[PDB]
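Student: before the rest arrives, take these chains from my complex:
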Amino acid sequence: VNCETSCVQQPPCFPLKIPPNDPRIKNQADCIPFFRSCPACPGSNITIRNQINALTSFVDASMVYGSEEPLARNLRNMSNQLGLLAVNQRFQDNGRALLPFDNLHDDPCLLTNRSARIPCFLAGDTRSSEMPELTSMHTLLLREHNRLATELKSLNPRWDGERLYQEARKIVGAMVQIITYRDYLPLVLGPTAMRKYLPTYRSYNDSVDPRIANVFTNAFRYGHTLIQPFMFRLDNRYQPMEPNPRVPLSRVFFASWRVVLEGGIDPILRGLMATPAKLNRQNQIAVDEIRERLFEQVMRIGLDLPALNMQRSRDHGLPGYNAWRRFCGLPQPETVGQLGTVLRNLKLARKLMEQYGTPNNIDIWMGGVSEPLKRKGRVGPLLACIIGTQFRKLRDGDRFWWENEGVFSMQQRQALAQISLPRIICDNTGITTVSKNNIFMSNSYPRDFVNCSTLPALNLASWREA
Amino acid sequence: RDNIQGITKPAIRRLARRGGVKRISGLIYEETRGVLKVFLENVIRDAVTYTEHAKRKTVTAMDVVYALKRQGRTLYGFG
Amino acid sequence: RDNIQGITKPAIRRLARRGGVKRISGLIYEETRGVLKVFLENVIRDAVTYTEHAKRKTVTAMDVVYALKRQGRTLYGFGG
């Protein structure tokens, strides 16, 4: 009853069936493996099935500290009283820290390279070892927390370990909130959807629902349409560095040895800052290394990410395209002409009409990645609606919001309002030349790169307690 | 020229209905005519001054727009 | 930190007496405090913006005059 090796549609497994004349798989009996999400209350025939969000909905840097007591306790440094995060005891990135390794019964990080035998990286989330770049970001955030705790200890020798750790966790969570709501979200929703859905903060409303919607887990997957076909690494001169400056993405998935034994995370972050993403066009929805060549080494066939997304939307029991258009005050198409008007394309509308039969039958993921992107944004109006509403519920419903009174002092708030991701990169890596403001918008060296000695570091002087 | 009576009672009633008025007293029409006369006198005086400065004999829509703008009553759609 | 209560009820009653009011209700005072807080918030925000643009650490009276003029509330006797 293992989905990785069985194709029978028996609970809790519901796979994807291969249509005739498939470009990759020539066998009809073969199927794409798939797992059904865990029901909230299994064994109940009256209550409607629903899924469980395994992490706290708030923007509290849960990817660095976790959302469970054993995981948060295991991520700390209990060998001293400085309130540091657990680090790597075997390898270092030119003297800099790395995430501790984790012991898994099925460790797939060893499958990518059988000679390196490098395990996965432990952090606040299970999927931290998804790609070398995600591992790089996790390393960056762990290093930033450690450095902040060290600086606070130097500035305030009277503070103990637990207070130092809690203060550093608070500052890191505030940093994640500031970065997400000041840089990322305006570049996701565009100015119009961001303004309409995330207006000026007033105060913590305790009646606002802070939970994550079921649609958000299948409407935030719009990022699957910017996954570039290759992984890029650069040297100190920001030039393609040998060996393998560009790697096929099917060979970098779930590979932590590319981080441990290839000079740490500096080349990976350098490539991240200096490689443009893939634009989303109505004819190029997803590259073939995620549509056809996803996870070769860890399982027995390549995976279809768009098919996985649509199948998950079907399994989660999400309403179709028309109902989610009916939420946001948007017209619901019924015929081919209405779909051609809404989706801004006629051939795409015809293909969707032939595949599904009604606009009500369209899946949320395919529909969301189908209509054209908003102006200055990377989502359609319905996806922008969903994401903006969810993030407004997350923000306005947070009592410990970094701008909420009683969490950070006013001087501390002005100290926090000066952070930036390039500053964290510079303070926690060997990279000297870093991208300009809005690191999410800069991709071409040296057009939008500066020597980062000019960026002011975080001022912890306001954190002194007398 | 008693053209102020040209704004009939049904016209004032229509303007009130657009403004959300359900019941109207009988003496409202004279008061509304006076208010309209005062407002029009102010705006037209400003617009006529604007036209006079331009040494023109015709009141243009730009003159009315500037006269309304000078009173904090900016009007869009005419320039 | 609840300094809005520094606007005492006798002060509000004196302001209303200057305003020609003979009788006052008991719920007037909190409404007056809220209105005053809103007005002061707007004016002070504009004044602090004017100060910040000048790269100054102190808020001069001329910044307050500029803020009030921006809200359409010209004030005479302070600055120019």
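Tutor: Received it, and whenever you're ready, just let me know what you need. Residues are numbered from 1 along each chain as shown, chains lettered A, B, ... in the order given.
Student: how many residues are close by the closest residue to residue A:404 other than its chain neighbours?
Tutor: Counting by C-beta to C-beta, 6 or more residues apart in numbering or on different chains, residue A:404 lies nearest to residue A:204, which is 5.1 Å off, once chain neighbours are set aside. (Each C-beta comes from the backbone N, C-alpha and C, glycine too.) Per other C-beta atoms under 10 Å in any protein chain shown, the neighbour tally for residue A:204 reads 18.
Student: distance of residue A:204 relative to residue A:174?
Tutor: 15 Å (C-beta to C-beta, to the nearest Å).
Student: likewise residue A:155?
Tutor: 18 Å.
Student: quick one: which of those two has more around it?
Tutor: residue A:174 (25 against 14).
Student: wait, the more buried one touches residue A:409, no?
Tutor: No. When contacts are counted by C-beta atoms under 8 Å, residue A:174 is not listed as touching residue A:409 (11.9 Å).
Student: mind checking how far the helix or strand containing residue B:49 is from the chain centre?
Tutor: Residue B:49 belongs to helix B:28-53 when assigned by DSSP states H and E. In this view, helix B:28-53 has its centroid 6 Å away from the chain centroid, taken as C-alpha atoms, centre = their mean, to the nearest Å.
Student: equivalent analysis for stretch A:253-268, please.
Tutor: Stretch A:253-268 sits 18 Å away from the centroid of its parent chain (C-alpha atoms, centre = their mean).
Student: could you dump it to CSV, C-alpha only?
Tutor: Only the C-alpha atoms of stretch A:253-268 are listed here, as CSV (Å, rounded to 0.1, in the frame of the first residue of the first chain):
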residue,chain,number,x,y,z
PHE,A,253,16.7,18.5,-5.6
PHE,A,254,17.1,17.2,-2.0
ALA,A,255,20.9,17.4,-2.2
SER,A,256,22.7,18.8,0.8
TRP,A,257,26.2,17.6,-0.2
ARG,A,258,26.1,20.5,-2.7
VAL,A,259,26.0,22.7,0.4
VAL,A,260,28.4,20.8,2.7
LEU,A,261,31.1,19.9,0.3
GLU,A,262,31.0,22.8,-2.3
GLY,A,263,32.2,25.8,-0.3
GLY,A,264,29.2,26.2,1.9
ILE,A,265,26.3,28.6,0.9
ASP,A,266,28.2,31.5,-0.5
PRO,A,267,28.1,30.5,-4.2
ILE,A,268,24.5,29.4,-3.8
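Student: and then chain D:
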Amino acid sequence: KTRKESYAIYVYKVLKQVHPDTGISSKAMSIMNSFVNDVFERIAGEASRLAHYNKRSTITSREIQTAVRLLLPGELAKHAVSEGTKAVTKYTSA
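Tutor: Chain D now in position relative to the chains above:
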């Protein structure tokens, strides 16, 4: 301390012309100075807008007269206009 200029001396001269036996305080002097500044700003801005609207690049006394007519209400404006005109007339005589 660098020089700081204001209309205080001219306001005092006008007051002595009007009420020779009556003096003025300093807060009232500040009020008079602010009043002069505000009226100057209003008239100058209106004249600038008038010059711009006519595709012209000069502020003249016609623009100032129209600005006075537009800003000052009713009888005031009339008198003010007369005063202004008279001044210009004298400045044209000598």
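Student: once more on the neighbour count of residue A:204, this time with chain D?
Tutor: Residue A:204: 18 surrounding residues under other C-beta under 10 Å.
Student: so how far is residue A:397 from it?
Tutor: 7 Å.
Student: residue A:37 too?
Tutor: According to C-beta to C-beta, residue A:37 stands 24 Å off from residue A:397.
Student: list the contacts for the nearest residue to residue A:345 once chain neighbours are set aside?
Tutor: Distances taken as C-beta to C-beta, 6+ apart put residue A:282 closest to residue A:345, at 5.1 Å, once the chain neighbours are dropped. Residue A:282 makes contacts with A:343, A:344, A:345, A:348, A:370, A:372, as judged by C-beta atoms under 8 Å, 6 or more residues apart in numbering or on different chains.
Student: which residues are in contact with the second one?
Tutor: Pointing back at residue A:344 there. Residue A:344 sits next to A:282, A:371, A:372 when contact means C-beta under 8 Å, 6+ apart.
Student: who's in contact with the last one?
Tutor: It stands for residue A:372. Going by C-beta under 8 Å, 6+ apart, residue A:372 touches A:282, A:343, A:344, A:345, A:380.
Student: the residues you listed: which two are farthest apart?
Tutor: Taking C-beta to C-beta, the two most distant members of these are A:345 and A:380; they sit 12.0 Å apart.
Student: with neighbour numbers in mind, choose between those two.
Tutor: Taking neighbours as other C-beta under 10 Å, residue A:345 and residue A:380 compare with residue A:380 leading, 25 against 18.
Student: wait, what's in contact with that one?
Tutor: So residue A:380 contacts A:367, A:368, A:369, A:370, A:371, A:372, A:373, A:374 (C-beta under 8 Å, 6+ apart).
Student: now it. Its backbone dihedrals?
Tutor: Here the main-chain torsion angles of residue A:380 (degrees, to the nearest 10) amount to phi -80, psi 170.
Student: again with residue A:240
Tutor: Phi and psi for residue A:240, reported as degrees, to the nearest 10, are phi -60, psi 110.
Student: that one against residue A:267, yeah?
Tutor: No. At 10.4 Å, residue A:240 does not count as touching residue A:267 under the criterion of C-beta under 8 Å.
Student: following sequence is chain E, place it on the structure:
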Amino acid sequence: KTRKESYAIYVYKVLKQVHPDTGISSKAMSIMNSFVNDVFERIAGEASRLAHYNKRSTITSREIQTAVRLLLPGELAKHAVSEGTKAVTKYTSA
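Tutor: One more piece, chain E, placed on the ones above:
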């Protein structure tokens, strides 16, 4: 027969970015042009006053940014600032 310049093609280009199928009428075109002129004049005047207050002879992105912060209400202003900043950055890149 003069070449009366207006923000017609620019608003049309923005509209085709936002609503390619949707068109626009003559009166809506006039309203959009009037709004653009009004906001341009508001921001320019506020920036001019800011520059004059600090005895600065030039209008830079700082004066424009502060004028946008003063005039535009609420998050609008913030968003506008972001846009402007980004534009200047790009203009500095090339």
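Student: revisit the neighbour count of residue A:204 given that chain E is now included?
Tutor: Neighbours around residue A:204, by other C-beta under 10 Å: 18.
Student: SS state for the residue most central in space within chain D?
Tutor: Residue closest to the average C-alpha location in chain D (C-alpha atoms, centre = their mean): residue D:40, at 5.4 Å. Of the three states, residue D:40 takes helix according to DSSP: H, G, I helix; E, B strand; the rest coil.
Student: return the residues of chain D in contact with chain B.
Tutor: Within chain D, the positions near chain B by C-beta under 8 Å from any C-beta of the partner chain are D:46, D:49, D:50, D:53, D:54, D:62, D:63, D:66, D:69, D:70.
Student: how does it look with 7 Å?
Tutor: D:50, D:53, D:54, D:66, D:69, D:70 (C-beta under 7 Å from any C-beta of the partner chain).
Student: run a quick neighbour tally on the first one.
Tutor: What it means is residue D:50. 24.
Student: let me see the contact set for the residue of the stretch 51-200 of chain A found nearest chain C.
Tutor: The minimum distance from the stretch 51-200 of chain A to chain C, using C-beta to the nearest C-beta, falls at residue A:200 (12.3 Å). Applying C-beta atoms under 7 Å, 6 or more residues apart in numbering or on different chains to residue A:200 gives the contacts E:74, E:75.
Student: change it to 10 Å
Tutor: Counting by C-beta atoms under 10 Å, 6 or more residues apart in numbering or on different chains, residue A:200 makes contact with E:73, E:74, E:75, E:76, E:77, E:78.
Student: buried residues, the helix holding residue B:49. List them.
Tutor: Residues of helix B:28-53 classed as buried by neighbour count (16 or more other C-beta atoms under 10 Å in any protein chain shown): B:29, B:32, B:33, B:43, B:46, B:47, B:49, B:50, B:51, B:53.
Student: near chain A, from the residues you listed?
Tutor: Among the buried residues of helix B:28-53, not one lies near chain A by C-beta under 10 Å from any C-beta of the partner chain.
Student: pull the most distant pair out of the residues you listed.
Tutor: The most widely separated members of the buried residues of helix B:28-53, counting by C-beta to C-beta, are B:29 and B:53 (36.3 Å).
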